[PDB]
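For the protein sequence lines, the chains are S and U, in the order given.
Take 16 as the starting number for the first sequence in my numbering and just add one per residue.
Take 78 as the starting number for the second sequence in my numbering and just add one per residue.
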Amino acid sequence: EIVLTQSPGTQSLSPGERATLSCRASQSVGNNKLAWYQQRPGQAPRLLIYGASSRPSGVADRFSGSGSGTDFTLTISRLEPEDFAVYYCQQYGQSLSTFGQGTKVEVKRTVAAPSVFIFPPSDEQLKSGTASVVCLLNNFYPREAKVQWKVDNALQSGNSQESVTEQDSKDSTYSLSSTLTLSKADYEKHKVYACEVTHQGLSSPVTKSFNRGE
Amino acid sequence: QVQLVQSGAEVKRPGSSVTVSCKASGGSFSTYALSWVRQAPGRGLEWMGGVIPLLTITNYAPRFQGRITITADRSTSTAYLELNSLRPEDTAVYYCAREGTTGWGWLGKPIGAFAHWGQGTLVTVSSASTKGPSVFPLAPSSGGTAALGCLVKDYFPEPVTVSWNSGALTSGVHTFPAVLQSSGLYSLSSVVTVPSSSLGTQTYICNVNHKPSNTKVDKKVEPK
């Protein structure tokens, strides 16, 4: 099996800039049968490059493929607003076809610290037997941020799930939502419920907290 | 041009078998390789297998070789993907792809790479039944920028649509992607940041819709 390793994982660039994406094969790709695909959220992939360098009719000339053997490269001469998406590389020199893990090309902007909010479980949900505390990280960049749950100042680990929105079309930031889920019984055994966030735009880690019933 | 039309989305219980269809319309169906490429939510693309209809030459990926079966019907120009012994980790969007041709017709050699994709087929493998969501209020705290929202908890299956004030409120709204809880039910959050001064004057109701269970909830969110 041929293993394709794309680089980098994420590409932070601005509209008007040049974008170069790398694809490294574990072993030599036969007959240079390397292809490049573009995919946007909720859409099927779109063929950009095939045969490592050939470009299908209908693809902008800013997309150019290059390289051979084990090293391949997709080049975007000048990034356009709709060129910010996910890019997969695929080998089909062997019968057994393999993909890369993909490279996301995002819009790079000035680092922005998130506005942190915390939400106690509603009285309605407490009657059902469960407790959900929601930590909100609003409009931040870059995507790399860490959320740590602290119940009575004790690191909670394995009862929380987080999700991130796609990069905004306006301010090019991200928003994260982490939801800590306890049973009503466990929830009433403690008092201080706090969410700790560490981010580049924050000098010191910010902690938002509330006291149960207060 | 050529276009590939796949069958609708479906939900299957673990252990069962699913069959996805793919109807082609355009070029020659017999001499171009038809492949299947799946993609788990948030994850990357994964090649499953392909078939050249003329010689019925199939080629499966070793990871699926044993429970997967790809056939091509030259009578209806329809390829079929059959996946047996389904398990929750097979939950993905299944795409039918066909190799491109060199430019146009007649004098058009095959290029191997996938130039033509279907719209995709969502296959959800879960042991859960259709359940309407419970909508709980994420009430704003007791500058400058205050956050509120509604928690859409414990529903199945996808999707759930959320609007604010019947669509009259869009600025500053964030509806996060749903997460798969251990219960096998989905859960998302829909938040919105507004001026703090408007908390005591502006009514904030969220409209949550869940078509599969035919559920519509208008939950009002106000300060505690």
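Cβ atoms here follow ideal geometry from the backbone N, Cα and C, with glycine treated the same way.
Quick one: is residue i near chain S, going by C-beta distance under 7 Å?
| i | result |
| --- | --- |
| U:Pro130 | no |
| U:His251 | yes |
| U:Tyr172 | yes |
| U:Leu184 | no |
| U:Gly85 | no |
| U:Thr270 | yes |
| U:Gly121 | yes |
Is it buried or exposed, residue i, if we count other Cβ atoms within 10 angstroms and call 16 or more buried?
| i | result |
| --- | --- |
| U:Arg175 | buried |
| S:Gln105 | buried |
| S:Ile133 | buried |
| S:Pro136 | buried |
| U:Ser94 | exposed |
| S:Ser112 | buried |
| U:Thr153 | exposed |
| U:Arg90 | exposed |
| S:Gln42 | exposed |
| S:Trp164 | buried |
| S:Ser192 | buried |
| U:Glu87 | exposed |
| U:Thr247 | exposed |
| U:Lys230 | buried |
| U:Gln80 | exposed |
| U:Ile134 | exposed |
| U:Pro130 | buried |
| U:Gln279 | exposed |
| U:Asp167 | buried |
| S:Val162 | buried |
| S:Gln182 | buried |
| U:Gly127 | buried |
| U:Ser266 | buried |
| S:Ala169 | exposed |
| residue 37 of chain U | The question about residue 37 of chain U has no answer, for chain U in this structure spans 78 to 301. |
| U:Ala245 | exposed |
If residue i and residue j are in contact, beta carbons under 8 Å, what's the gap, nearest whole angstrom?
| i | j | result |
| --- | --- | --- |
| U:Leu158 | U:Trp194 | U:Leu158 to U:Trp194, Cβ: 14 Å. No contact. |
| U:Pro234 | U:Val202 | About 11 Å; that fails the 8 Å criterion. |
| U:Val256 | S:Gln116 | No, U:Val256 and S:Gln116 are not in contact; Cβ-Cβ is about 21 Å, not under 8 Å. |
| U:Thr178 | U:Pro187 | 6 Å |
| U:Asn136 | S:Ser110 | 5 Å |
| S:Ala40 | S:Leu19 | 6 Å |
| U:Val268 | S:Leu152 | The Cβ separation is near 10 Å, so there is no contact. |
| residue 4 of chain S | S:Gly66 | There is no way to answer for residue 4 of chain S, as the model of chain S reaches only from 16 to 229. |
| U:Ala216 | U:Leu225 | 7 Å |
| U:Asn286 | U:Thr238 | 5 Å |
| U:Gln78 | U:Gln196 | At roughly 15 Å, the Cβ-Cβ gap does not stay under 8 Å, so U:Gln78 and U:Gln196 are not in contact. |
Closer than 7 Å, CB to CB, is residue i near chain U or not?
| i | result |
| --- | --- |
| S:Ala100 | no |
| S:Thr20 | no |
| S:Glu121 | no |
| S:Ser187 | no |
| S:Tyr208 | no |
| S:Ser178 | yes |
| S:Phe87 | no |
| S:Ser37 | no |
| S:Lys199 | no |
| S:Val221 | no |
| S:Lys48 | yes |
| S:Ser190 | yes |
| S:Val149 | yes |
| S:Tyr202 | no |
| S:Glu211 | no |
| S:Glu32 | no |
For a test of your reading of the model: does the CB of residue i fall under 6 Å from any non-hydrogen atom of the ligand GDP? Yes or no.
| i | result |
| --- | --- |
| U:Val82 | No copy of the ligand GDP appears in this structure; indeed no ligand is present at all. |
Practice item. State whether the segment 201-209 of chain U contacts the segment 247-255 of chain U, with contact taken as three or more CB pairs (one from each stretch) at a distance under 8 Å. Key: no
Check your understanding: Touching or not, the segment 85-104 of chain S and the segment 30-37 of chain S, by the rule of three or more beta carbon pairs under 8 Å?
Key -> yes
Check your understanding: In chain order, what residues of the segment 235-267 of chain U put their CB closer than 8 Å to some CB of chain S?
Key -> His251, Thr252, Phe253, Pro254, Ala255, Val256, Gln258, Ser264, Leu265, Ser266
Practice item. With 9 Å as the limit, tell me which residues of the segment 58-79 of chain S have their beta carbon closer than that to any beta carbon of chain U; keep them in chain order. Key: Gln58, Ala59, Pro60, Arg61, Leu62, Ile64, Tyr65, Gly66, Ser69, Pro71, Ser72
Review point. Per the contact definition of three or more C-beta pairs closer than 8 Å, is the segment 208-225 of chain S in contact with the segment 153-163 of chain S?
Key: yes
**Study point:** Residues, ordered as in the chain, of the segment 135-154 of chain U that lie near chain S by beta-carbon distance below 8 Å
**Key:** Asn136, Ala138, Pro139
Exercise for review: Give the residues from the segment 189-205 of chain U that approach chain S closer than 9 Å (Cβ to any Cβ), ordered along the chain.
Suggested key: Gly189, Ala190, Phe191, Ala192, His193, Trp194, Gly195, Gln196, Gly197
Exercise for review: Check whether the segment 186-198 of chain S touches the segment 139-146 of chain S, taking contact to mean three or more Cβ pairs, one atom from each stretch, closer than 8 Å.
Suggested key: yes
Review point. Using Cβ-Cβ distances below 7 Å, what residues of the segment 151-165 of chain S are close to chain U?
Key: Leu151, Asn153
Practice item. Check each residue of the segment 93-119 of chain U: if its Cβ is closer than 9 Å to any Cβ of chain C, include it; give the result in chain order. Key: Absence of chain C from the displayed structure is noted, the protein chains being S and U.
Practice item. Would you list, in chain order, the members of the segment 213-234 of chain U that have their beta-carbon closer than 9 Å to a beta-carbon of chain S? Key: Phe213, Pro214, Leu215, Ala216, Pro217, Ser218, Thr222, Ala223, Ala224, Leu225, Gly226, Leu228, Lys230, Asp231
Check your understanding: Do the segment 115-131 of chain U and the segment 95-102 of chain U touch if we need at least three Cβ pairs shorter than 8 Å?
Key -> no
Exercise for review: Using a Cβ-Cβ cut-off of less than 8 Å, give me the residues of the segment 105-130 of chain S that come near chain U, in sequence order.
Suggested key: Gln105, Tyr107, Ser110, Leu111, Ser112, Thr113, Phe114, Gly115, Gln116, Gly117, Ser130
**Study point:** Residues within the segment 130-142 of chain S neighbouring chain U, beta-carbon criterion of under 7 Å
**Key:** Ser130, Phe132, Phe134, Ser137, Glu139, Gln140
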